[PDB]
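First the structure, in the form of structure tokens, and then the observations on it.
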Ligand SMILES: NC(=O)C1=CN([C@@H]2O[C@H](COP(=O)(O)OP(=O)(O)OC[C@H]3O[C@@H](n4cnc5c(N)ncnc54)[C@H](O)[C@@H]3O)[C@@H](O)[C@H]2O)C=CC1
Ligand SMILES: NC(=O)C1=CN([C@@H]2O[C@H](COP(=O)(O)OP(=O)(O)OC[C@H]3O[C@@H](n4cnc5c(N)ncnc54)[C@H](O)[C@@H]3O)[C@@H](O)[C@H]2O)C=CC1
Ligand SMILES: NC(=O)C1=CN([C@@H]2O[C@H](COP(=O)(O)OP(=O)(O)OC[C@H]3O[C@@H](n4cnc5c(N)ncnc54)[C@H](O)[C@@H]3O)[C@@H](O)[C@H]2O)C=CC1
Ligand SMILES: NC(=O)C1=CN([C@@H]2O[C@H](COP(=O)(O)OP(=O)(O)OC[C@H]3O[C@@H](n4cnc5c(N)ncnc54)[C@H](O)[C@@H]3O)[C@@H](O)[C@H]2O)C=CC1
Ligand SMILES: O[C@H]1[C@H](O)[C@@H](O)[C@H](O)[C@@H](O)[C@H]1O
Ligand SMILES: O[C@H]1[C@H](O)[C@@H](O)[C@H](O)[C@@H](O)[C@H]1O
Ligand SMILES: O[C@H]1[C@H](O)[C@@H](O)[C@H](O)[C@@H](O)[C@H]1O
Ligand SMILES: O[C@H]1[C@H](O)[C@@H](O)[C@H](O)[C@@H](O)[C@H]1O
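Residue numbers (the numbering used here), protein chains in the order written: chain U, 1 to 337; chain L, 338 to 674; chain B, 675 to 1011; chain C, 1012 to 1348.
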């Protein structure tokens, strides 16, 4: 009895999710796809020899009685809408970042779910399923290094397109950090300062690259997060956590050592795609399994997607300001703990 | 249209394969299990809420028209039989090591398959699917380090039971090495010497632990393989390959670094189970996908399982001998390249 | 014929310099000493079998004509006095940090040296002589990573004394990073800013530990240095330089690796005195050789000492004001390049 | 008052020892020299501004009473002669390897020293003074890993000369491992065995490269050492000791890490002369200090030199016979412990 899923947005990342659910994972199938380009979606269907149905809009897809859950994997803007609809049609929703582009949009979604009595919304922040980040979580829950104090993390890309803009650095990129970091330390943020180092020769005129983002939490944990998307050497994600009595750090992605031409080296990835492939699979499978076994979702909540929208706003504010912007959060609803 | 698989031997490792095919992988289901303990198998069926059928023997299971393929995952001895039967009943067979306990048993199986026109037998040497070993293969096929010359590998266990015996070191353990090594370098062995170092205090009286196994191939590649199954510190698999112009080495299993009490450390596994979990999943999935897409299997051939049986014999011979035993191989049949 | 050296201040560090100059290095000897505790000076001479005069003060010792260079290694606040005297006596001087406790104190010393025509003052910033830091310098000077953009570094101690106070973290501790960083990147500081994270249980109540000091050069390089003098795990110096096209990082001190009880570890030093023992040796040997083979000192200059003093002051400001303070330096007199 | 040292053999290595004793170390000077090329000896004295007598031979130089210790650093085969003379002249002698080219040559030197009552001979096996090897020793002496059982080690050169021949791999190259290994584990060798892998394209036709030398101590420790003098990638010394309850390994030389163009690398040395520069310095300084503070040399002994010679012979046997040769040592005269 496989979970029947409908995909809203046959994008490039929606093409991935369709393929893994189809050819890698267990206990689910894609039966409905809807795309703004109805000829683009119609190609994705013959591609993976799917046995699905193409809809012009989400309404018609959500109206289908086959679909039990939906993958909201289209443009960032077109999320908040598709989501609220799904909650009302009472389907399960896996929503890829962002939950909603506006901190208030995520607030509407919260209220809706709080009504439906249970949890339908899971946000696609995959890092939480990555074994690296999991080991960190494990170590922290065990008090291995006592109380966390500071966190040094980086997030680097070989290069970007002419479409990448200063705000995208804290919106499409630093977003995962913002998500997983607070999950790990179990703390809410508070302030976000932004500091622009000497600009890189690799970055385009309209872009501010690199950037540094300091972030304090209510507890007093200080996080400086480097964001450099034109580093050139590769795609690299670093995270070190200094504690009271010890330090734990995120591993490098497994590689074979090589001794040649006077150097002892490992390999650095070049494609953000390769870095977290395993995390997606574990992610979706948890979505499926959680629905079939518990009648609800389990991953990153809709509240977290809102914590994302707030924080990711104070950051874009400090990008122009240059001052210690504030992060203000509505109290956590009982519904979520 | 999922591949319908029958499991011969609801062992501990047969319990794993059933669970992954059921709850992790894609496009297949277990519909038949047979165990020598018909009450043991009957528990495995209610366990994973399977919708299968229990058979007293393989004949009755192989006679079932549901099953398309079989997992031969019972005692080592009870393999050769179950396999030859499956080849004759014309089912697909995934056979966990050993292919057959006797170098001639594997020879019977080869001949049968050579008749059935295509490939039905895939041997469960999972290391070939491990990304570490894959990266090595990749590097070698690219001539990164020119011509291989020597190989230094180790294989260590924290401890063993009173059931582990001197021959098991080269039969149940060094077997994977023997398999993957020749696959990597694309060469046939030739001689196997065995050298017993000072015996460990951790090993039991009847056991010779550790052991070292030198192995030459027709090309002139020298392999010294440490085998120490009472190392105590953990479960560790090492493999370094010296070439003409460089050296490549197998990575450690990903872990988080820790700075505490004057030491900078990573974690060493304690359970052989954890080391290759991913390799099994990729393995079985390849079995399934290969059958559905190509009408045959793809993994480690039955010939390789025979190359295993021969080599793993010369080793047990050098264990008593103390001399440079010989490895004699019947020419490779056209069927296999 | 060896360089005849007088030591002002025969404490713990003065004794170590006396010992290395006497039993390890080459081309120099101690002919004169003097300490505030004149009795303690007399013991040193016996302890080390010196052939030296024991003067009552620095004026007397500097008066001795058979001494041609002096080591100022006394109580911090006393340094400034002896250095001025030594310059006017026209002797070579190696002064441990601080050169002087105030920016003014340093200016008086610079202005005195510029008179005497050549370099007589070398400041004991030994990190410049450490093999790791030397390598970083070589890479940067070879444009290996293009233009430096950011710097992440840490300075950690297992614990401190009851006497250790909040301001000491920037005046005694961070002072080495302050010197080496701008030396490495050849850029002057423009601003500093202190950020306090959650206090550590390991730090006594009066001490503010850890700290985070953010510093910007004029060129736009953004440094962020972590000071944690109660980290427990050990004594640790980390430094990472992120450039345009690549990243370079300071090495760990050499250690054998251990595989035992589940961990794969290396050692971490506990005693700060073992970390740079080789840099001190090279530092002093350079003071000697550079004199007998150039007629002037070579290492860190009186001006560098001034830079340190100013920046140190700016940090103590930023400390107690939680503000972004400016680092205002007088024009670098061409006498220094 | 310094130790007055005469240098027999003023070649490349004799010059380096002359240089360190003159411009780096402490408590000694060169007062006499002599070379087969007497003209070359005269140049050294000018080159290094020595205050030394230039004798025509070792007899003359040993006759000089104002010299009290000598460095034998001449053409290998000449060593034995000078060492015997020096002993009978009752001077302290530091002899570079070999102590003598034959086991008999070494015996004559041992038998001469046992007469003169105390230790005058220290052999230049500098590895014992390397900080890495010193750490391994400390761990073993502290039973950190229990009883040593096996040893894997490698000795690699980028390339060699046209003059380098097959036997040199065990007499010149493997001779350092031969000395340090039995020193580390405090056990005597019992047998050796050579195994040749596929020749390397980098090795000229006349040379047999790489090689594998298997050695067993009396206690049962099984060493296996790889010699590859044409590895191309660099100069590399690796050593791993597998004990009962754990494993310890020699560190890489210190290097900064680099993240660039897809690789995460450290540096590998090319020049063998940079690998042990610190061990030489400590080695000679110990020859000096140990004399003026004990009245006898301390390091590797004439007996150790004998052990080396015997084992070296056994290897050249095992080389050309492809046999498992025995290592027969005379009883260790109690004069040596
Ligand atoms: N977490 C991660 O690492 C990644 C997730 N994403 C996220 O996924 C979303 C889109 O993925 P991408 O492939 O990168 O972009 P995409 O542009 O290829 O996906 C958008 C596609 O969906 C369709 N679409 C847009 N709005 C729609 C609507 N209201 N209804 C139906 N179809 C609609 C469009 O035709 C377009 O082809 C974005 O929100 C992005 O932030 C993107 C890349 C990676
Ligand atoms: N590659 C790997 O890492 C691993 C594979 N294995 C292999 O799997 C096989 C058994 O797995 P284990 O769980 O370790 O042992 P196991 O003893 O638990 O499995 C044997 C089970 O199958 C049943 N059985 C035996 N012969 C049978 C037959 N002819 N027909 C039906 N059922 C039969 C027995 O009742 C027993 O419960 C062995 O060949 C072993 O070498 C074992 C462990 C790991
Ligand atoms: N740059 C560097 O890496 C290092 C520099 N230092 C600094 O150097 C100074 C010396 O440190 P320690 O030797 O540990 O000091 P210490 O406290 O162990 O003893 C200093 C000695 O100098 C004597 N002294 C004080 N004032 C004097 C004067 N006007 N004339 C002559 N002698 C005088 C005192 O009697 C005392 O015996 C300290 O200020 C310290 O901060 C310390 C360690 C390293
Ligand atoms: N234990 C160790 O780590 C090392 C030891 N050695 C060994 O030490 C020896 C010296 O090497 P190099 O200095 O490179 O030699 P070299 O070839 O550069 O020159 C040796 C010099 O000694 C002179 N000489 C030869 N016979 C002599 C005699 N009977 N009396 C006085 N002088 C004589 C020669 O004229 C020549 O100038 C070699 O045999 C070498 O194998 C070499 C390097 C390191
Ligand atoms: O989808 C990925 C991912 O979100 C990473 O966090 C980001 O750095 C990559 O640039 C992006 O392409
Ligand atoms: O099943 C595993 C595996 O075959 C390993 O190769 C072996 O070393 C382990 O001991 C065994 O339990
Ligand atoms: O003298 C040293 C040095 O100043 C180091 O920078 C400091 O961290 C050590 O604790 C101190 O003892
Ligand atoms: O003198 C050294 C030393 O003997 C090393 O063992 C050898 O590998 C070097 O190549 C040689 O130059």
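The C-beta atom is built at its ideal place from N, Cα and C for all residues, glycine as well.
By the criterion of a C-beta distance shorter than 8 Å, residue 1110 of chain C is surrounded in its chain by 1090, 1091, 1094, 1116, 1117, 1120, 1132, 1134, 1313, 1316, 1317, 1319 and 1320, once the five residues flanking it on both sides are discounted.
With a threshold of 6 Å, the Cβ atom of residue 182 of chain U does not count as near ligand 8, since no heavy atom of the ligand is closer than that. For residue 22 of chain U, the enclosing alpha helix (DSSP H) starts and ends at 12-23. Counting the other Cβ atoms within 10 Å of the Cβ of residue 987 of chain B gives 16 or more, which makes it buried.
Annotation: Cβ neighbours of residue 603 of chain L in chain B (cutoff 8 Å, chain order): 937, 938 and 939.
Residue 1221 of chain C sits close to residue 486 of chain L, with the two beta carbons spaced by under 7 Å. Among the residues of chain C, those whose CB is under 9 Å from the CB of residue 919 of chain B are 1271 and 1272, following chain order.
Residue contact check for residue 1245 of chain C against chain U: a CB pair falls below 7 Å. Between the alpha carbons of residue 339 of chain L and residue 662 of chain L lies a distance of about 47 Å. Taking a C-beta distance under 7 Å as the contact criterion, residue 1251 of chain C and residue 1260 of chain C qualify as a contact pair.
Nearest in C-alpha terms to residue 217 of chain U, of all of U:166, U:328 and U:103, is U:328. Within the chosen limit of 6 Å, ligand 4 does not reach the beta carbon of residue 891 of chain B with any heavy atom. Taking C-alpha positions only, residue 374 of chain L is separated from residue 1329 of chain C by approximately 56 Å. Put simply, the CB of residue 538 of chain L is near chain C, with a gap under 7 Å to one of its CB atoms. Apart from sequence neighbours up to five positions away, the residues of its chain that approach residue 87 of chain U with a beta-carbon distance below 8 Å are 93, 109, 112, 113, 116, 120 and 121, ordered along the chain. Identification of chain C residues near residue 925 of chain B by a Cβ-Cβ cut-off of 9 Å yields 1265, 1266, 1267, 1268 and 1277, ordered along the chain.
For residue 530 of chain L, the secondary structure class from DSSP, reduced to helix, strand or coil, is strand. Closest by C-alpha distance to residue 1343 of chain C, out of C:1198, C:1044, C:1075 and C:1141, is C:1198. Residues are counted here when their Cβ sits less than 7 Å from a Cβ of chain C; for the segment 941-970 of chain B the count is zero. The criterion of a C-beta distance shorter than 7 Å is satisfied by residue 32 of chain U and residue 64 of chain U.
Residue 225 of chain U: member of the beta strand (DSSP E) spanning 222-228, first to last residue.
For residue 1071 of chain C, the enclosing alpha helix (DSSP H) has its first and last residue at 1069-1074. In this structure residue 455 of chain L touches residue 633 of chain L by the C-beta definition: roughly 5 Å separates them, less than 8 Å. The alpha-carbon separation between residue 947 of chain B and residue 1265 of chain C amounts to approximately 19 Å. The beta strand (DSSP E) runs of length 3 or more contained entirely in the segment 97-156 of chain U are, from start to end of the chain, 121-123 and 148-156.
Interface residue (Cβ-Cβ distance to chain U less than 7 Å): residue 984 of chain B is not classified as such. Beta-bridge partners of residue 1278 of chain C (DSSP): U:263. Chain C has a Cβ within less than 7 Å of the Cβ of residue 809 of chain B. Judged by beta-carbon spacing, residue 22 of chain U lies within the 7 Å limit of residue 48 of chain U, meaning their Cβ atoms are closer than that value. Excluding residues up to 5 positions away in sequence, 1133, 1134, 1136, 1139, 1140, 1294, 1297, 1298 and 1301 lie with their Cβ nearer than 8 Å to the Cβ of residue 1310 of chain C in the same chain. Between the C-alpha atoms of residue 702 of chain B and residue 805 of chain B there is a straight-line separation of about 23 Å. Linking residue 321 of chain U to residue 355 of chain L through their CA atoms gives a straight-line distance of about 58 Å.
In the structure shown, the three-state DSSP call for residue 1105 of chain C is strand. For residue 575 of chain L, DSSP records a beta bridge to L:491. Leaving aside the five residues that flank residue 510 of chain L on each side, the residues in its chain whose CB is nearer than 7 Å to its CB run, in chain order, 492, 564 and 566.
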